[PDB]
């Protein structure tokens, strides 16, 4: 209940990742798993620590459930909150828009006064452009189940270890 993880998913990949992240943190006593499809913008208010998960769809766009709540995000005050991000994407098929959704959400939420935590290296990927890159780092964990499924488990373990420090855990 300390950390609220909100994800959106179209073909279920982002939900599986969300479930692995909750698992690595220690389970339901540490992280609440919430499908953004069933949530209201104000649900994000109940947490001081947030994890936002979103896959990029339709060439650089938000997954539709995140799309639907996007304009309501202005009603939440993120001042003082630490927010981490993760996303699923396909670097080979969408080289010019890899993980754009994660970047779109981070730009919106950070502008509302939150603190981004959980930066990730871009070197383990091959892509041309991404809206989720700032000063040569991803603003969150990039997962690619389409082309790099073998790296997913270690990526999540490593990222969660580094987030524990950031969330005072």
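Heads up, when I say rigid core I mean the largest set of C-alphas that superpose within 1.5 Å between the two forms. Residue numbers count along the first chain shown, from 1.
A.B. asks: Comparing C-alpha positions in 4 other deposited structures of this protein against this form, with the rigid core used for the fit, which stretch differs more, 125-133 or 53-61?
C.D. replies: Taking the RMS over all superposed structures in 4 other deposited structures of this protein, 53-61 lies farther out.
A.B. asks: Which of the two stretches, 129-137 or 36-44, shows the higher mean Cα temperature factor in the record?
C.D. replies: Here the higher of the two C-alpha B-factor means belongs to 36-44.
A.B. asks: Mean C-alpha B factor from the entry: is it higher for 74-82 or for 87-95?
C.D. replies: Taking the mean C-alpha B-factor of 74-82 and of 87-95, the larger value falls to 74-82.
A.B. asks: From 106, 100, 67, 144, can you pick the one with the highest C-alpha B factor in the entry?
C.D. replies: Most elevated C-alpha B-factor of the set, per the entry: 67.
A.B. asks: Compare the CA B factors listed in the entry for 112, 30, 52, 62 and report the winner.
C.D. replies: Max CA B-factor in the entry, restricted to 112, 30, 52, 62: 112.
A.B. asks: Could you say whether, by C-alpha temperature factor, residue 3 belongs to the lowest, middle or highest third of its chain?
C.D. replies: It belongs to the middle third of the chain when residues are ordered by C-alpha B-factor.
A.B. asks: Ranking every modelled residue in this chain by its Cα temperature factor as given in the entry, which third contains residue 154?
C.D. replies: For residue 154, whose C-alpha B-factor we compare with every modelled residue in the chain, the answer is the middle third.
A.B. asks: Determine, from the deposited record, the chain-internal third of the Cα B-factor for residue 20: lowest, middle or highest.
C.D. replies: CA B-factor rank for residue 20: middle third.
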